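Working notes, structure below.
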Amino acid sequence: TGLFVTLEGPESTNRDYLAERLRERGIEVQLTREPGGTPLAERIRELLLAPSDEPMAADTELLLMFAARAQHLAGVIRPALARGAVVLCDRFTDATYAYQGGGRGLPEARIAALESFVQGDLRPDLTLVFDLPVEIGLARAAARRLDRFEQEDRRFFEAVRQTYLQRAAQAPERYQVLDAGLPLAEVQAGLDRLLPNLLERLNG
Amino acid sequence: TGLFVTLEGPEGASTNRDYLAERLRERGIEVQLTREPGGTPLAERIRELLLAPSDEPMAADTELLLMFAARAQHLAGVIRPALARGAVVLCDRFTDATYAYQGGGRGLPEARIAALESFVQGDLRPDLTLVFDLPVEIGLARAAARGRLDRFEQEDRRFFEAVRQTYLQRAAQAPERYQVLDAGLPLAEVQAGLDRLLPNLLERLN
Ligand SMILES: Cc1cn([C@H]2C[C@H](O)[C@@H](COP(=O)(O)O)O2)c(=O)[nH]c1=O
Ligand SMILES: Cc1cn([C@H]2C[C@H](O)[C@@H](COP(=O)(O)O)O2)c(=O)[nH]c1=O
Ligand SMILES: [Ca+2]
Ligand SMILES: [Ca+2]
Ligand SMILES: [Ca+2]
């Protein structure tokens, strides 16, 4: 039956730390990320992130995101959950609501229609939102060539951050919001702290 | 304004699209020629993913969504703008092929294809769809004559028979927007079958 956990936030050792703590307990952990997660899904990821002179329609972006999600769900996520694993997935449909919804301005109802179409009843059991002011995360990206999303403006990323926060506030039972700026030791302490509940979810 | 015409049929083999175009151009009509999946740089990249054989099985939902992603890009970038300027769009393959290949061939429910059709296209449908019907064997041989078989061309005989039957069923349910042409006739009988077709086209335009 497993547990489907997703990790979200604006633009790594967090997931690894959580994975190590779970494995120590004999729990199988499947690490993955979106868009991507399978060879085909990664090829779709490439098209989505590559800058181009041709404008990508909002609907195209949304449909490609969901095409990669369908492949990833079928190939990686569902099988893992069927083995009883905890899936730790970097980004999922919350990112679609934030980026394609908040950022692009596509209506929530249309994103929800595809969510249902692609996922059926399946939703993450828990979503960890690593929150951070937009400028700091874009500077982090700027510090390492920016892809199609990374090169968007302030309005865009502010919509992204606030969409994440609003969805978490609306269904607090499904989310935990963390401050992604804390000292490493203090981040890990927060990860330790959320672990008992994660295990209660799995064993529930 | 404008007119949206799609050209469909069983797998196999461009010539007719380019021909009808000539009859229309000589009348002073603007014609925009195109094809799916593809039609734009990104849509062509999506075509390449869809056609490339792989040892990873592509989920049916993935195939359907990539097909409609390319369609969405193509509609926004090519089709709607052309119709807006009053051009005739002549498009090799469109959503009928989704019903035939993803529905008939893959076995995806018609309802799910229709859901995405409405999602992507809203109310928009082709004004006229020409189905170039032909025994499956002939078309497959044309497609196989040269080059490597792509993801679809690698399929089995039953898959392509299902494709053909779906096209015929759909056309028979809406005779007003479909014309079925025998692609297994002498070029003269089919070029002239296309000739006998122009007056209807031109009228649909005006
Ligand atoms: C999963 C997902 C990611 N994205 C974006 C966020 C990132 O800018 C980009 C690549 O993700 P990444 O930053 O974690 O590597 O994909 C969406 O726009 N919608 C989605 O549904
Ligand atoms: C437009 C479209 C094409 N196809 C397939 C049929 C062909 O095998 C393939 C390439 O088209 P083509 O043979 O005309 O070059 O695309 C679908 O499966 N669904 C669709 O919606
Ligand atoms: Ca990024
Ligand atoms: Ca060939
Ligand atoms: Ca072919």
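Numbering starts fresh at 1 for the residues of each chain in the structure tokens, the chains themselves are lettered A, B, ... in the order given, and ligands are numbered from 1 as they appear.
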Chain B contacts on chain A, only C-alpha atoms, 10 Å, as a PyMOL selection string: chain A and resi 38-41+43-44+47-48+52-75+110+113-114+117-118
Would you tabulate, counting only C-alpha atoms and all ligand atoms, all residues of chain B that have an atom at most 9 Å from an atom of ligand 4, showing the closest pair of atoms and their distance in Å to one decimal, sorted by chain then ascending number, as a tab-separated table?
```
residue	atom	partner	partner_atom_place_in_ligand_line	distance
B:12	CA	ligand 4	1 (Ca)	8.7
B:13	CA	ligand 4	1 (Ca)	7.7
B:141	CA	ligand 4	1 (Ca)	8.8
B:142	CA	ligand 4	1 (Ca)	7.0
B:143	CA	ligand 4	1 (Ca)	4.4
B:144	CA	ligand 4	1 (Ca)	4.9
B:145	CA	ligand 4	1 (Ca)	5.7
B:146	CA	ligand 4	1 (Ca)	4.5
B:147	CA	ligand 4	1 (Ca)	4.8
B:148	CA	ligand 4	1 (Ca)	6.5
B:149	CA	ligand 4	1 (Ca)	6.4
B:150	CA	ligand 4	1 (Ca)	8.2
B:153	CA	ligand 4	1 (Ca)	8.3
```
Could you pull out the residues in region 19-157 of chain A that DSSP calls strand (DSSP E) from the backbone, as an NGL selection string? :A and (29-33 or 86-90 or 126-131)
Ligand 3: which residues are within 10 Å, counting only C-alpha atoms and all ligand atoms, as JSON, numbers by chain? {"A": [10, 11, 49, 137, 138, 140, 141, 146, 147, 148, 149, 150, 151]}
Name each residue within 6 Å of ligand 2, counting only C-alpha atoms and all ligand atoms, as a list in words. residues 11, 36, 37, 67, 93, 94, 95, 97, 98, 101, 102, 152 and 153 of chain B
Dump as a CSV table (one decimal), in the first residue's frame, selection limited to N, CA, C and O atoms:
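Generated output (out.csv):
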```
chain,number,residue,atom,x,y,z
B,11,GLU,N,-3.2,3.4,-42.4
B,11,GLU,CA,-1.7,3.6,-42.5
B,11,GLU,C,-1.3,3.4,-44.0
B,11,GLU,O,-1.6,2.4,-44.7
B,36,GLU,N,-0.1,16.3,-38.9
B,36,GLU,CA,-0.1,15.9,-37.5
B,36,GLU,C,0.3,14.4,-37.3
B,36,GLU,O,0.0,13.6,-38.2
B,37,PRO,N,1.0,14.1,-36.2
B,37,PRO,CA,1.6,15.1,-35.3
B,37,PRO,C,2.7,15.9,-36.0
B,37,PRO,O,3.4,15.4,-36.8
B,67,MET,N,0.1,13.2,-28.2
B,67,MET,CA,-0.7,13.5,-29.4
B,67,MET,C,-1.4,14.8,-29.3
B,67,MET,O,-1.4,15.6,-30.2
B,93,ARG,N,-3.9,14.3,-41.4
B,93,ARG,CA,-4.2,13.7,-40.1
B,93,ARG,C,-4.6,14.6,-39.0
B,93,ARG,O,-4.0,15.7,-38.9
B,94,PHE,N,-5.6,14.3,-38.2
B,94,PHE,CA,-6.0,15.1,-37.1
B,94,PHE,C,-6.7,14.1,-36.1
B,94,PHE,O,-6.3,13.0,-36.0
B,95,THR,N,-7.7,14.6,-35.4
B,95,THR,CA,-8.3,13.8,-34.3
B,95,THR,C,-9.0,12.6,-34.7
B,95,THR,O,-9.1,11.6,-33.9
B,97,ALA,N,-7.7,10.5,-36.6
B,97,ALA,CA,-6.6,9.5,-36.5
B,97,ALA,C,-6.4,9.1,-35.0
B,97,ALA,O,-6.0,8.0,-34.8
B,98,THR,N,-6.8,10.0,-34.1
B,98,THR,CA,-6.7,9.6,-32.7
B,98,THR,C,-7.7,8.6,-32.4
B,98,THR,O,-7.4,7.5,-31.7
B,101,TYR,N,-6.4,5.2,-34.4
B,101,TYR,CA,-5.2,4.6,-33.9
B,101,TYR,C,-5.2,4.4,-32.4
B,101,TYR,O,-4.9,3.3,-31.9
B,102,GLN,N,-5.5,5.4,-31.6
B,102,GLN,CA,-5.5,5.3,-30.1
B,102,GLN,C,-6.7,4.6,-29.6
B,102,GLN,O,-6.7,3.9,-28.6
B,152,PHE,N,4.6,3.1,-34.9
B,152,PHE,CA,3.2,2.6,-35.3
B,152,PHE,C,3.3,1.6,-36.5
B,152,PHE,O,2.6,0.6,-36.5
B,153,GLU,N,4.3,1.8,-37.4
B,153,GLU,CA,4.4,1.0,-38.6
B,153,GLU,C,4.8,-0.5,-38.2
B,153,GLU,O,4.7,-1.4,-38.9
```
Kindly assemble as CSV a list of the region 97-162 of chain B residues that lie within 9 Å of region 175-185 of chain B, each paired with its nearest atom pair and their distance in Å to one decimal, using only C-alpha atoms, sorted first by chain and then by ascending residue number.
```
residue,atom,partner,partner_atom,distance
B:126,CA,B:177,CA,7.8
B:127,CA,B:177,CA,6.2
B:128,CA,B:177,CA,4.7
B:129,CA,B:178,CA,4.8
B:130,CA,B:179,CA,5.0
B:131,CA,B:180,CA,4.7
B:132,CA,B:181,CA,4.9
B:133,CA,B:182,CA,5.2
B:134,CA,B:183,CA,5.5
B:135,CA,B:184,CA,7.8
B:138,CA,B:184,CA,8.3
```
Keeping only N, CA and C atoms, take the residues you just selected and write them out as a short mmCIF file (atom, residue, chain, number, x, y, z; two decimals), in the first residue's frame.
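Okay, result_11.cif is ready:
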```
data_model
loop_
_atom_site.label_atom_id
_atom_site.label_comp_id
_atom_site.auth_asym_id
_atom_site.auth_seq_id
_atom_site.Cartn_x
_atom_site.Cartn_y
_atom_site.Cartn_z
N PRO B 126 -13.01 19.76 -37.76
CA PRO B 126 -12.84 20.00 -39.19
C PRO B 126 -14.17 20.29 -39.87
N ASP B 127 -14.17 21.12 -40.90
CA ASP B 127 -15.38 21.36 -41.67
C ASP B 127 -15.66 20.19 -42.61
N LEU B 128 -14.60 19.54 -43.06
CA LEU B 128 -14.73 18.43 -43.99
C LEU B 128 -13.55 17.51 -43.77
N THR B 129 -13.80 16.20 -43.72
CA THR B 129 -12.71 15.23 -43.57
C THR B 129 -12.76 14.24 -44.73
N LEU B 130 -11.66 14.12 -45.45
CA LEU B 130 -11.57 13.20 -46.56
C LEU B 130 -10.88 11.93 -46.08
N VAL B 131 -11.59 10.81 -46.19
CA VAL B 131 -11.04 9.53 -45.79
C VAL B 131 -10.61 8.77 -47.04
N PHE B 132 -9.31 8.57 -47.18
CA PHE B 132 -8.79 7.83 -48.33
C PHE B 132 -8.70 6.36 -47.96
N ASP B 133 -9.77 5.63 -48.29
CA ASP B 133 -9.91 4.25 -47.87
C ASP B 133 -9.14 3.32 -48.79
N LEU B 134 -8.58 2.27 -48.22
CA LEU B 134 -7.76 1.35 -49.00
C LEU B 134 -7.57 0.07 -48.21
N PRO B 135 -7.56 -1.08 -48.89
CA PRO B 135 -7.24 -2.33 -48.20
C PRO B 135 -5.97 -2.17 -47.37
N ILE B 138 -2.31 -2.92 -48.84
CA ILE B 138 -1.76 -1.97 -49.81
C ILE B 138 -1.03 -0.84 -49.11
#
```
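Across the structure, atom 12 (P, counted along the ligand's line) of ligand 1 and CA of residue 80 (chain A) are spaced 21.7 Å apart.
The residue set within 6 Å of region 24-34 of chain B, counting only C-alpha atoms and dropping same-chain residues fewer than 2 places from it, reads residues 21, 22, 39, 87, 88, 89, 90 and 91 of chain B.
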Find the spatial neighbours of residue 23 (chain B), counting only C-alpha atoms, within a cut-off of 12 Å - ignore same-chain residues fewer than 6 positions away - and output them as an MDAnalysis selection string. chainID B and resid 16:17 29:31 88 191:192 194:199 201:202
Kindly export the residues of the current selection with N, CA and C atoms, as a PDB file, in the first residue's frame.
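Here's the written file selection30.pdb:
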```pdb
ATOM      1  N   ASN B  16      -2.120  14.097 -52.536  1.00  0.00           N
ATOM      2  CA  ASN B  16      -3.455  14.676 -52.685  1.00  0.00           C
ATOM      3  C   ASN B  16      -3.598  16.018 -51.985  1.00  0.00           C
ATOM      4  N   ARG B  17      -3.074  16.112 -50.768  1.00  0.00           N
ATOM      5  CA  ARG B  17      -3.076  17.387 -50.072  1.00  0.00           C
ATOM      6  C   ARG B  17      -2.472  18.444 -50.985  1.00  0.00           C
ATOM      7  N   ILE B  29      -7.439  31.347 -53.829  1.00  0.00           N
ATOM      8  CA  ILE B  29      -7.612  31.018 -52.418  1.00  0.00           C
ATOM      9  C   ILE B  29      -6.258  30.767 -51.749  1.00  0.00           C
ATOM     10  N   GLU B  30      -6.081  31.306 -50.542  1.00  0.00           N
ATOM     11  CA  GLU B  30      -4.894  31.037 -49.734  1.00  0.00           C
ATOM     12  C   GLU B  30      -5.019  29.664 -49.090  1.00  0.00           C
ATOM     13  N   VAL B  31      -3.993  28.836 -49.257  1.00  0.00           N
ATOM     14  CA  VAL B  31      -4.013  27.480 -48.722  1.00  0.00           C
ATOM     15  C   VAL B  31      -2.838  27.294 -47.754  1.00  0.00           C
ATOM     16  N   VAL B  88      -7.791  28.268 -46.530  1.00  0.00           N
ATOM     17  CA  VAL B  88      -8.158  26.860 -46.414  1.00  0.00           C
ATOM     18  C   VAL B  88      -6.983  26.108 -45.802  1.00  0.00           C
ATOM     19  N   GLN B 191      -8.061  11.712 -58.791  1.00  0.00           N
ATOM     20  CA  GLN B 191      -7.813  13.127 -59.037  1.00  0.00           C
ATOM     21  C   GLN B 191      -9.112  13.790 -59.479  1.00  0.00           C
ATOM     22  N   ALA B 192      -9.899  13.061 -60.265  1.00  0.00           N
ATOM     23  CA  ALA B 192     -11.196  13.543 -60.727  1.00  0.00           C
ATOM     24  C   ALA B 192     -12.256  13.378 -59.644  1.00  0.00           C
ATOM     25  N   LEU B 194     -11.402  14.050 -56.695  1.00  0.00           N
ATOM     26  CA  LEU B 194     -11.055  15.268 -55.976  1.00  0.00           C
ATOM     27  C   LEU B 194     -11.622  16.476 -56.707  1.00  0.00           C
ATOM     28  N   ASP B 195     -11.645  16.401 -58.040  1.00  0.00           N
ATOM     29  CA  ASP B 195     -12.232  17.446 -58.877  1.00  0.00           C
ATOM     30  C   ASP B 195     -13.704  17.610 -58.536  1.00  0.00           C
ATOM     31  N   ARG B 196     -14.434  16.501 -58.562  1.00  0.00           N
ATOM     32  CA  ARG B 196     -15.864  16.519 -58.284  1.00  0.00           C
ATOM     33  C   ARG B 196     -16.131  17.022 -56.875  1.00  0.00           C
ATOM     34  N   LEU B 197     -15.053  17.216 -56.126  1.00  0.00           N
ATOM     35  CA  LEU B 197     -15.130  17.568 -54.720  1.00  0.00           C
ATOM     36  C   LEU B 197     -15.025  19.074 -54.502  1.00  0.00           C
ATOM     37  N   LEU B 198     -14.370  19.757 -55.434  1.00  0.00           N
ATOM     38  CA  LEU B 198     -14.095  21.178 -55.288  1.00  0.00           C
ATOM     39  C   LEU B 198     -15.344  22.038 -55.109  1.00  0.00           C
ATOM     40  N   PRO B 199     -16.380  21.813 -55.937  1.00  0.00           N
ATOM     41  CA  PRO B 199     -17.573  22.657 -55.814  1.00  0.00           C
ATOM     42  C   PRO B 199     -18.147  22.644 -54.400  1.00  0.00           C
ATOM     43  N   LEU B 201     -16.369  21.959 -51.576  1.00  0.00           N
ATOM     44  CA  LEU B 201     -15.367  22.695 -50.812  1.00  0.00           C
ATOM     45  C   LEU B 201     -15.559  24.201 -50.940  1.00  0.00           C
ATOM     46  N   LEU B 202     -15.543  24.687 -52.179  1.00  0.00           N
ATOM     47  CA  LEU B 202     -15.659  26.117 -52.458  1.00  0.00           C
ATOM     48  C   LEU B 202     -16.916  26.700 -51.814  1.00  0.00           C
TER      49      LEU B 202
END
```
Determine which residues of region 4-165 of chain B receive a DSSP assignment of helix (DSSP H, G or I), computed from the backbone, and state them as a count of residues only. 88
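Residue nearest residue 94 (chain A) within the list A:162, A:13, A:6, A:188: A:6 [criterion: smallest interatomic distance, only C-alpha atoms].
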